[PDB]
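As structure tokens, one chain now follows by itself in the form solved without its partner chain.
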């Protein structure tokens, strides 16, 4: 069985406890359909969501058995220094895939050149990017809006401390002005930041576009605004010498063409009524 590694990241992967009898609660979408779930260890737990639906579709069309587990260190994966040395090694899911603890990463893993040098990405199953969350009525054109480009205590914007977004802004010389402002207001978690916008304590939250659209679709007082920026995509991760490489991509392309990927978006991200 293929060792699948994933991570808790709503709405792509939800993680909940099993019921008293060890099974996963039978639930259904507002649409009325049965929610597909799988046991993922990390203690057996219940995993479901956009990427789980995708894994199932792949497992079925490619005919392969699998077992899912949650990444041990709870990280997506970046190259960090080990034991106070200059030697660096991948942590998170990147690290588990390279070490053999996993044979495939199924999660919203952002595609980028640094990672592509060590592993192989399938064709993107969904595009990725950042957007801005604000309270309904607030007007912001995007990352180039005046109130973002020229910071002041009058309009507070931020992201999550030590997150991929925070690290990205910190490394861009061109964003130094925005970063100096953000570092003063960054939050401990995305949940707290989102709540701060609802409570009018944070005026704008910069974060993953799918996550923010998910939030806006359920909370009437919140909306995303401006054009998506710093784009890329999410892909399935596998070692370079993987035998499922071409087959995973061919399947993803077919799912794009037949409307399946859009169906997943409608189900897990774009909710009807807020």
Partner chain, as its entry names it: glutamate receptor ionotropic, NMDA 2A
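The term rigid core refers to the most C-alpha atoms you can superpose between the two forms while keeping them within 1.5 Å. Numbering follows the first chain given and starts at 1.
Although not depicted, the form deposited with its partner chain bound is the subject of the following passage.
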| property | result |
| --- | --- |
| Contact assignment for its partner chain in the entry with it bound, among 200, 177, 189, 172, heavy atom within 4.5 Å | 172 |
| Contact residue in the entry with it bound, chosen from 161, 75, 135, 123 - any heavy atom within 4.5 Å of its partner chain | 123 |
| Contact label in the entry with it bound: residue 232 to its partner chain, heavy atom within 4.5 Å | yes |
| Touches its partner chain in the entry with it bound: residue 127 (any heavy atom, 4.5 Å) | yes |
| Close approach of residue 256 to its partner chain in the entry with it bound, 4.5 Å, heavy atom | yes |
| Residue 65: touches its partner chain in the entry with it bound, heavy atom cutoff 4.5 angstroms | no |
| Candidate stretches 150-158, 67-75, 105-113, 84-92 - the one whose heavy atoms come within 4.5 Å of its partner chain in the entry with it bound | 105-113 |
| Contact test, all of 117, 262 and 265, partner its partner chain in the entry with it bound, heavy atom 4.5 Å | yes |
| Residues within stretch 232-250 having a non-hydrogen atom within 4.5 Å of its partner chain in the entry with it bound | 232, 246, 250 |
| Core-aligned C-alpha movement of residue 85 between this form and the one not shown, 2 Å or more | yes |
